[PDB]
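> Just need the structure, nothing else, for what follows:
(5 chains, ligands or ions: 3)
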Amino acid sequence: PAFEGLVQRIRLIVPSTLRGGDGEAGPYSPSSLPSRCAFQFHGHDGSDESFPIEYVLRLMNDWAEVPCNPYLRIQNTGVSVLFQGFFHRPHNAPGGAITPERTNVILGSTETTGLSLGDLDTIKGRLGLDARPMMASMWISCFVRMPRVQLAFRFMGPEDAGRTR
Amino acid sequence: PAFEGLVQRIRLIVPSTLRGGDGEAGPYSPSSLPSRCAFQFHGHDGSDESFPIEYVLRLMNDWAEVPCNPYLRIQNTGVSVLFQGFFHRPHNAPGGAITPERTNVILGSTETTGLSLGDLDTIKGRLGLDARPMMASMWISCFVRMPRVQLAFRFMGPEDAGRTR
Amino acid sequence: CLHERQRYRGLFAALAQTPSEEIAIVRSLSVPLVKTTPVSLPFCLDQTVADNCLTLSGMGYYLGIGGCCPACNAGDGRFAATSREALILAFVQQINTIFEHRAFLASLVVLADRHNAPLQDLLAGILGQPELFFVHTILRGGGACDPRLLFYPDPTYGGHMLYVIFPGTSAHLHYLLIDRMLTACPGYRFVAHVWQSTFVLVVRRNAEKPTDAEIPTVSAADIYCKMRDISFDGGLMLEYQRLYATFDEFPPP
Amino acid sequence: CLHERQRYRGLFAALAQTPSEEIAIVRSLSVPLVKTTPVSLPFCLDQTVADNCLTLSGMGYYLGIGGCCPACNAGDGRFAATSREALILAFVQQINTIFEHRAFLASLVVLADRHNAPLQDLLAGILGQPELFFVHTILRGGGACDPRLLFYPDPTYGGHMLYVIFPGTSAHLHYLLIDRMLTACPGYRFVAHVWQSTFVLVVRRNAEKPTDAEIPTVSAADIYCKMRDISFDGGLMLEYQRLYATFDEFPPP
Amino acid sequence: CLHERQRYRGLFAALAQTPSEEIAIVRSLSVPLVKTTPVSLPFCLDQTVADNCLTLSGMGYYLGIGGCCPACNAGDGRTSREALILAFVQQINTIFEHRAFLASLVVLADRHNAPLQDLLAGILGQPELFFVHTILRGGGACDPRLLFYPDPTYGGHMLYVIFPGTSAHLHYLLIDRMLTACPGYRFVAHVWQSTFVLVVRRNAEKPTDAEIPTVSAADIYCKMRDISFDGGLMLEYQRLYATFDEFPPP
Ligand SMILES: [Zn+2]
Ligand SMILES: [Zn+2]
Ligand SMILES: [Zn+2]
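Residues are numbered from 1 along each chain as shown, chains lettered A, B, ... in the order given. Ligands and ions are numbered 1, 2, ... in the order given. Below you will find the coordinate block:
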């Protein structure tokens, strides 16, 4: 029942190069979820870095005990890439801008995109990838070369089998 | 059971700079609600004051014992801003704060806007603010300039504890 | 949504017997729960109510309540408020404060060399619309923050539009500054935008010249000569050349 | 999304107790399950993110992760002398290295003879757009998949657009290769296409980006003289004549 | 309509038995329960019934039953085309009665540097403007100001009645006489730069017979050259023209 515990966990999971982690959502409990970004990361020019979108969204859904659809938003902004994490789908923002066979996406100045956990799971199922736990996790590989930000939503997998009971 | 009691209470709640009230309050019973504004306030040139919309609308619903949807309307007339309070929709525009991402609104000469209590509750729920009594009330910050009148729908909260049970 | 308002009706009734506590509660509800509002560029400053600041940065484009925003709460020392009369005084006395308006004149010289044209007529034409000089004066800040200024021909209208170039990766427009900019220059529209990873504020003509026509006349020949005897710093001129070369291909918003 | 919450709650809770194992596991999720992504011709390279290579062949038009595709991993050594400055050096040094970059000059000669135009003016016009020469230089195994080059007048604004002809029934563009192509010449657009069972990469203008600010001046007359002094291979000239005749009726994508 | 029929059947039958009381009741229903009707600018006065007055103010844009507007009820003193024509003809003798009209004309002549003889001939060619001027300058009025601007489409000169202050109450008798005296002219209320205005333009071509006698423009021009106008009024008209020079006519 720790709102800041989730943000700390997410910051741990996200690589260090993605400067950020601020709340910007106010006090929120697993029952009461905000409409503001729970976490906010940002990268500078040349931040050829990866973001574990599936892991963070599934973790957000785990922490909350109310039905929801965690959502990530990516903005090329004007000088730096901006990742935002909302507990519920925002409005005025493109929903499913990640369609199968369209892993590559480009973002010009002030442009935006995003993805919800429902759309992520549906796309994962359509591709027929392994739905078992930790057998297929999505990763957003972002290259920020101004004025553009080039994203690739690639499903990366495990290297072993670990403990499965 | 006070026909004038509601308008007097509202006048108490509204700041002094919004000269008005005691006007256009057509004869109305708690069961029979009118289609005319129960209160009419107005401000002169250079008034930079706030209006507690949520409190006024909730009070309007309080006085009436029949299902209704209290509504506020704000009109720039070119020479003075006028706030009017109708018990049922005057068939005007739903609102500007209907889009949680467009809290700011400007009104030129003869322009109009408004908001219903249903839209207020919808925006309050979408923003995820605290639904406890008097923990999140919307306020219309109005700045009256010569050509235009600039209003902002900001959700303000309490500064202490209600001391309630 | 009725019975929630009824569960507030009970409270309203209990409070009605003691109006003092009611007024106390109503006045105690003065802490905005929504401080930052997301905005998306291009954004016109006409939609900025008083007591609203604009924070364009890599962390986002967002508007903030002027009373709660930290940098606004520090206020940069207020610097009072340039009265319209004082702005006219500065426009007239520009000749004696050549250093206080060095960026403006240096941009004019760089443009005069850029279009291989004379500087005196260009200066006379730019000063004919003093609202740009007013904007320069208003947004002038002590220290680096001292904003740069470019001048470009205005399509669909008769004159010259302005590009306020803010250096760095962030730009915070104070609520008082933008409010006074919009009030001092009524006939000009201000729109924030981004170009080549640089935040910019485009000032163009709007509403078909709703501006005072009694603006006093300043001699361009005397200022031209005073520029001819004063040598500008090569660094500022080179920076203005670079900014002009980068913004020569900028779609006006 | 409740089934996900159910079958993942136990795992997430068990991971919360040991953050080290969590970081290790998440960092261990670096094995792409989808290496090949389908592409559809005509395809513009602007949609190619870094770390993406293009395999256009009879087996399909597909993009591949630069890290897993075999041929990309088995590069041509450390040919990392692809800096814009070094490309400018090669552009200026063209006069003394006429023997290399032979396809470029042979294509220019063939075009000059086919359209009865002067060779000095053609050299001056093609040299005015050094981005085409930069593209030629990057794509140079010097025989190892040495791409051919056709030059055709450019519609709209532009002197001459370029057609990079890839010989054979297959073409693999390295991810670093595509990235450097897009970065060195930003104002030019690259579109892959096929014509008469021959793969082609069309290079056209997309903005005024000749970099006249940093463009070196190279004498076109001296290159013209050195070309008139060297005898070109008849095979290259005949091949370019055939390529021009085949591509003379090609709708530019 | 079954509920209405059943709840009214008893009353209707009882009244049928006594027609006198029925007539009394029906005639006793003469108390309007809806006095103010909201209007929205731009508003054309053609939609104003004879017994309707306009109280355009900051507290709202509202029309009122001519029988109930308070100031209207105190409009006891307060007529048609006839006296308006007589005044238009005698304009040469009443320069003091129409100072705003002629002073606005002089200021306009200076604003466009045009000749006063041609301006006088053109303004006298549209006597409906003089009729409006006379109507609005009532007994103990607040002399509403009057500007003259060239008229597009239809050719001549349109009028801008500038109402001073932050409120404007147009009497129902005033509106009726304005609409009847100028049939071919359209009147539209609006607001500009926080100033209420009434625009008078040409309408329906030329549905205005010329039964108006001929008035000499040269004599009026000379008498104006002989009368010295009060300072400040000319400056006020200059300011009004400068402020309204950028006004899109509604
Ligand atoms: Zn601020
Ligand atoms: Zn490859
Ligand atoms: Zn009246």
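> Tell me which residues are up against stretch A:121-135.
Surrounding stretch A:121-135, the residues in contact under the criterion Cβ atoms under 8 Å, 6 or more residues apart in numbering or on different chains are A:98-100, A:136, A:138, A:155, A:157-158, A:162, A:164, D:1, D:4, D:7-8, D:11, D:25, D:29, D:33-34. Yep, even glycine has a C-beta here, placed from its N, CA and C like the rest.
> I should have written stretch C:88-108 there, sorry.
Residues outside stretch C:88-108 that contact it (Cβ under 8 Å, 6+ apart) are C:82, C:119, C:122-123, C:126-127, C:130, C:133-134, C:136-137, C:140, C:146-151, C:215-216, C:218-219, C:222-223, C:226-227, C:230, C:232, C:236-237, C:240.
> So for it, what gets flagged as buried?
Buried residues in stretch C:88-108, counted by 16 or more other Cβ atoms under 10 Å in any protein chain shown: C:88, C:90-91, C:94, C:98, C:101-108.
> Same question for stretch C:186-206.
Here stretch C:186-206 shows C:187-195, C:198-206 as buried, counting by 16+ other Cβ under 10 Å.
> what about it, near chain E?
No - using Cβ under 8 Å from any Cβ of the partner chain, stretch C:186-206 stays clear of chain E, coming no nearer than 9.7 Å.
> quick one: that stretch near chain A?
Yes - Stretch C:186-206 reaches chain A (Cβ under 8 Å from any Cβ) through C:194-199.
> Contact partners for the residue nearest the centre of chain A?
By Cα atoms, centre = their mean, chain A has its centre lying nearest to residue A:53, at 3.2 Å. Residue A:53 sits next to A:72, A:115, A:120, A:138-140, A:153 when contact means Cβ under 8 Å, 6+ apart.
> ok, the buried residues of stretch C:88-108 vs residue A:41, which is closest?
Nearest to residue A:41, judged by Cβ to Cβ, of the buried residues of stretch C:88-108 is residue C:103 at 36.2 Å.
> Just confirm the closest one is within a helix.
Yes - membership of residue C:103 in a helix is supported by DSSP: H, G, I helix; E, B strand; the rest coil.
> I'd like to know how far it sits from residue C:237.
11 Å (Cβ to Cβ, to the nearest Å).
> do residue C:130 as well
For residue C:130, the distance to residue C:237 - Cβ to Cβ - is 24 Å.
> got it, and residue A:52?
Residue A:52 is 49 Å from residue C:237, where distance means Cβ to Cβ.
> More neighbours: those two, which one.
Between residue A:52 and residue C:237, counting by other Cβ atoms under 10 Å in any protein chain shown, residue A:52 is the more crowded of the two (21 against 16).
> Nearest to chain B: which residue in chain A?
residue A:34 (4.5 Å; Cβ to the nearest Cβ).
> For that residue, which phi and psi angles does the backbone take?
phi -90, psi 170 (degrees, to the nearest 10).
> got a list of what it touches?
Contacts of residue A:34 were listed using Cβ under 8 Å, 6+ apart, and they are A:25-26, A:28, A:86-87, B:127-128.
> For the chain, which segments are assigned as strands?
By default, I'm working from chain A. Counting by DSSP state E, chain A has strands at residues A:20-22, A:39-43, A:49-51, A:71-75, A:81-86, A:104-107, A:112-116, A:137-145, A:148-157.
> hmm, I had chain C in mind actually
Going by DSSP E, chain C shows strands at C:31-32, C:36-38, C:43-44, C:52-57, C:60-65, C:148-153, C:160-165, C:170-173, C:188-195, C:198-205.
> Can you add distance to residue D:63 and give those strands back as JSON lines?
Output for these, formatted as JSON lines (distance: least, Cβ to Cβ, whole Å):
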{"stretch": "strand C:31-32", "distance to residue D:63": "48"}
{"stretch": "strand C:36-38", "distance to residue D:63": "34"}
{"stretch": "strand C:43-44", "distance to residue D:63": "36"}
{"stretch": "strand C:52-57", "distance to residue D:63": "34"}
{"stretch": "strand C:60-65", "distance to residue D:63": "32"}
{"stretch": "strand C:148-153", "distance to residue D:63": "41"}
{"stretch": "strand C:160-165", "distance to residue D:63": "39"}
{"stretch": "strand C:170-173", "distance to residue D:63": "36"}
{"stretch": "strand C:188-195", "distance to residue D:63": "30"}
{"stretch": "strand C:198-205", "distance to residue D:63": "33"}
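> Let's have those strands in TSV, adding distance to chain D.
Shown next, in TSV, are those (distance: least, Cβ to the nearest Cβ, whole Å):
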stretch	distance to chain D
strand C:31-32	33
strand C:36-38	25
strand C:43-44	25
strand C:52-57	24
strand C:60-65	23
strand C:148-153	16
strand C:160-165	18
strand C:170-173	25
strand C:188-195	13
strand C:198-205	17
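> mind checking which of the ones you listed is nearest ligand 2?
Closest of the strands of chain C to ligand 2 is strand C:188-195, at 34.4 Å (criterion: Cβ to the ion).
> Now do the closest one and strand C:52-57, the angle between them.
Interaxial angle of strand C:188-195 relative to strand C:52-57 (axes from the mean of the first three to the mean of the last three Cα atoms, to 10 degrees): 20 degrees.
> does chain B sit close to strand C:188-195?
No - Strand C:188-195 is not in contact with chain B by Cβ under 8 Å from any Cβ; minimum separation 13.1 Å.
> Run the angle between that strand and strand C:160-165 for me.
Counting by the same axes, to 10 degrees, strand C:188-195 lies at 50 degrees to strand C:160-165.
> what bridges to residue C:57?
residue C:60, residue C:170 (DSSP bridges).
> ok, it to ligand 3 distance?
57 Å (Cβ to the ion, to the nearest Å).
> Surely that residue and residue A:79 touch.
Yes - using Cβ atoms under 8 Å as the test, residue C:57 is close enough to residue A:79 to be in contact (7.3 Å).
> what sits in contact with each of those two?
Joint contacts of residue C:57 and residue A:79 (Cβ under 8 Å, 6+ apart) are residue C:169.
> The two: which is more packed in?
A side-by-side neighbour count of residue C:57 and residue A:79, using other Cβ under 10 Å, places residue A:79 first with 25 against 19.
> tell me the contacts of the more buried one?
A:45, A:146, C:57-58, C:169, C:194, C:197, C:199.
> run the last query once more with 6 Å
Residues in contact with residue A:79 (Cβ atoms under 6 Å, 6 or more residues apart in numbering or on different chains) are C:58, C:169, C:197.
> for residue C:203, same thing?
C:135, C:162, C:188, C:190.
> among those residues, which two are most distant?
Farthest-apart pair in the contacts of residue C:203 is C:162 and C:190; separation 9.3 Å (Cβ to Cβ).
> Leaving aside the residues adjacent along the chain, what's closest to residue 11?
With no chain named, the answer covers chain A. Spatially, and ignoring its direct neighbours in sequence, residue A:11 is nearest to residue A:21 (4.3 Å; Cβ to Cβ, 6 or more residues apart in numbering or on different chains).
> not what I meant, chain C
Distances taken as Cβ to Cβ, 6+ apart place residue B:133 nearest to residue C:11, at 5.5 Å, with adjacent residues excluded.
> any idea which of the contacts of residue A:79 is closest to ligand 3?
Nearest to ligand 3 among those, with distances taken as Cβ to the ion, is residue C:58, at 60.8 Å.
> If you tally nearby residues, what's the number for residue A:160?
Neighbour number of residue A:160 under other Cβ under 10 Å is 7.
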